[PDB]
């Protein structure tokens, strides 16, 4: 099974992807996590992607498409989490899969209002070492666990990221709807409730 998680930043896509991958045996492909590792290591990809990420812009398509070609699991179930982010990327994904006799089985759209998005992101805190994600209100980190607020989770960059999502990424909703594989998730609900719906639509 191949899944794509789609939705505004802060919808809880990474949270649900980690849970589902761990519990039901999927390989989790997070372009965000992979890019952040590239940046930390200072690879050619990391050094180029960094400035786009910092401004809240998308990293150029060719770089992301090559990344996916490099890391795509040959066998097994896969959750694509944060990819594709543009129509060009979605078309590239379809081509790659078609050549391998595969396809995207379900696209899950994590619906959540803008006001909730902003609250999700402004309260997001991460363990900079482990990448573990917390929220100051809805899932506070234990004391004596070092966390930070990511620079791209500050108000100005959040605004930019939502604009970029609406302009470049939201068209994928219609792209996948017309393939007949789109499923709607109410991602505004608490974590366990969202996870139950995730399990429902793929069962």
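Numbering follows the first chain given and starts at 1.
- Look at the C-alpha B-factors of 41-49 and of 146-154. On average they run higher in 146-154.
- Relative to one another, 101-109 and 129-137 have unequal mean CA B-factors, and 129-137 is the one with the higher figure.
- The PDB entry gives the largest Cα B-factor of the residues 13, 183, 19, 179 to 19.
- The PDB entry assigns the greatest CA B-factor among 62, 54, 167, 70 to 54.
- Per the deposited record, the Cα B-factor of residue 123 falls in the middle third when ranked against the other modelled residues of its chain.
- The PDB entry assigns residue 96 a C-alpha temperature factor belonging to the highest third of its chain's modelled residues.
- In this PDB entry, residue 79 carries a Cα temperature factor that places it within the lowest third of its chain's modelled residues.
- When the modelled residues of the chain are ordered by their C-alpha B factor, residue 90 lands in the lowest third.
- Annotation for residue 199: CA B-factor lies in the highest third of the chain's modelled residues.
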